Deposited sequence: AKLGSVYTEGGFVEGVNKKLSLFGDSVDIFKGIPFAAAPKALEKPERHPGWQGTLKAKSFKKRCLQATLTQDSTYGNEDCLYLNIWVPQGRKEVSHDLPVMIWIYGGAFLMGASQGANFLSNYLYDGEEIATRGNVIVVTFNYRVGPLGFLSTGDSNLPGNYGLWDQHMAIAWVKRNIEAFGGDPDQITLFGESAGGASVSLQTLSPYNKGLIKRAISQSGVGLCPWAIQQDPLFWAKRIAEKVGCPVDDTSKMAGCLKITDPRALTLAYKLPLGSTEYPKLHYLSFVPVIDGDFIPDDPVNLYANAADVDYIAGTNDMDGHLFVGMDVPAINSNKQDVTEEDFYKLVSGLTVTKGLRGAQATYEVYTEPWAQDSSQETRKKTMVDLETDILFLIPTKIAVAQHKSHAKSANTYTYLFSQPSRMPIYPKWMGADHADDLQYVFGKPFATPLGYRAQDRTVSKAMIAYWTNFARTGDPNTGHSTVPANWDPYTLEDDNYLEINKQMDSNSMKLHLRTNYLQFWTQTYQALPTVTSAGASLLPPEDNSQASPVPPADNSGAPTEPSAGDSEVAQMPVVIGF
């Protein structure tokens, strides 16, 4: 069986059908379906006008404007609000009531086909679920804000919400169950997933959610001072910074490609960690995000939730702050480490920096090797940027959850990157190739253990999407994943060895204690994509 032309709110769409076996199995692939009219710079998205005939949804549309780490040219196009769908099909009849997984992924900066992480075929077919990938506005075009009416901000979030509302209204025609939507995404997408479940705008739309290395409680997920950054990029492009209204009007009119290129990620030595410069992110606009995310968990009370991080999630970032971490030739001193912590602890000044340098150097047993120091730098950023906020998000979700499940994991499959050190664990986004089944899609570049991890991850993910329990659904699982409880703080460690010892307890509880107890008590003084 195969869908023909599917009716959507704006008209008919037609994709392609890829035969998967002699059994008559296949997968219906739709690419380039608009979920909104091409967006006006810095304005909320609107419904796409109706069209006659059949929209040929046979190829990926350009994604929104973004740039690479070199930041010399832009990629994408402003006209980018399109989505893609994969519908696994059986023999007798087209699929119906299938779980719907919406992948939220996108960033202002890419480091490395470009639609590698936008193809949901492996996931949809191995897990028997519908996968929807789409594009949303990123960087300044997606998140510029003046902190007021002149430019409320959160455009990329509105775009995501638009895609979600569209899937809710139209996925049934594709064979999906509108009441079984699972949002999943990593990094900014992960924080986005979190933010979407917390926004009152998504009431009744989301069933479950998966945050991979990113939650709305992450420090880098909410910009506390958007006006400061709005003014900076504005002045950089020749706009009036005198009054917000005129500045906003100018930003809406300036060249989108120049505006995009004006968003710089300083790779040269800086006083603050790189993450400080990834300023164009969501803001508490009192609308889409009506309050600080931590106070919005009642909105996700009935949303099943899986949130997790990677072994060395912070490696990618700290390696930009301290490049010597990756070099076996160059060394790192206690000074370099103190400088790193001070930059990360500005809010609590010298005391905060001292308390932090102390705790993280305690395990050095005053005779630390280079590998030890570099590993500690990675742990520091992994903790602050991902582990800790995820731990409290998971905890907050469990505590407020009503009829919703809460699970947490630690992805620790060691990096295969030759450039990085031998002791390297799972870096930021390393989980993606497994979640997206690349060891199967593109086998020749992978080993048996990679297929094992991928199989396990897609299984857990798609099972969760179907039942709200990673253990049950369309796939068998290599290990029992127990739901997270506050008392036990249990998590599944995902890697090539999934066995009886896979469920672990209390991950870095001492560090969680430091940050939430010690640190917070101190007085306040002052092909991967990153950023929102």
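Where are the holes in the model when you compare it to the deposited sequence?
In sequence order, the gaps with no modelled C-alpha are 113 to 119, 534 to 573.
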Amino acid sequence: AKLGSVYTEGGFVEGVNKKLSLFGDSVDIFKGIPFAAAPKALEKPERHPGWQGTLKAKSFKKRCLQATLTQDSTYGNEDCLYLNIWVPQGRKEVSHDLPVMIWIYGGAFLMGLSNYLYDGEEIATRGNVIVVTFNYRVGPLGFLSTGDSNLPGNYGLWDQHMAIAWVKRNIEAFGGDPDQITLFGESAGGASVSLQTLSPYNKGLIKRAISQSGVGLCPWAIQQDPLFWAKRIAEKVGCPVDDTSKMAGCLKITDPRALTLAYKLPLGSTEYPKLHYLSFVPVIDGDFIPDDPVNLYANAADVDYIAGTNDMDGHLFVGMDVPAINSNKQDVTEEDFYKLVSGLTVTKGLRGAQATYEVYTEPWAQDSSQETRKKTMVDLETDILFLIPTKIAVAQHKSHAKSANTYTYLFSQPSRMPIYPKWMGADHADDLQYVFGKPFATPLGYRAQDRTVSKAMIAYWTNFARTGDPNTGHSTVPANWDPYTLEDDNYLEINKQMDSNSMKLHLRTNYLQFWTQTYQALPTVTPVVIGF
From here on, numbers count along this sequence of modelled residues.
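When the C-alpha temperature factors are averaged for each of 385 to 393 and 320 to 328, which stretch ends up with the higher value in the entry?
Mean C-alpha B-factor is greater for 320 to 328.
Problem set entry | 201 to 209 versus 252 to 260 - which carries the larger mean C-alpha B factor in the record | So the stretch with the higher mean C-alpha B-factor is 252 to 260.
### Query
Between 380, 195, 353, 111, which one tops the list for C-alpha B-factor in the PDB entry?
Among 380, 195, 353, 111, the PDB entry lists the largest C-alpha B-factor for 111.
Of the residues 290, 421, 437, 190, the one carrying the largest Cα B-factor as recorded:
Among 290, 421, 437, 190, the PDB entry lists the largest C-alpha B-factor for 421.
Is the Cα B-factor recorded for residue 67 in the lowest, middle or highest third of its chain?
Top third by C-alpha B-factor.
Third of chain Cα B-factors occupied by residue 362: For residue 362, the deposited C-alpha B-factor lands in the highest third.
Query raised in the report: Would the CA B-factor of residue 167 place it in the lowest, middle or highest third of its chain?
Result: It belongs to the lowest third of the chain when residues are ordered by C-alpha B-factor.
CA B-factor ranking of residue 137, expressed as a third of its chain = Lowest third, going by the recorded CA B-factors of the chain.
| Lowest, middle or highest third: where is residue 487 by C-alpha B factor in its chain? | Highest third of the chain for residue 487's C-alpha B-factor.
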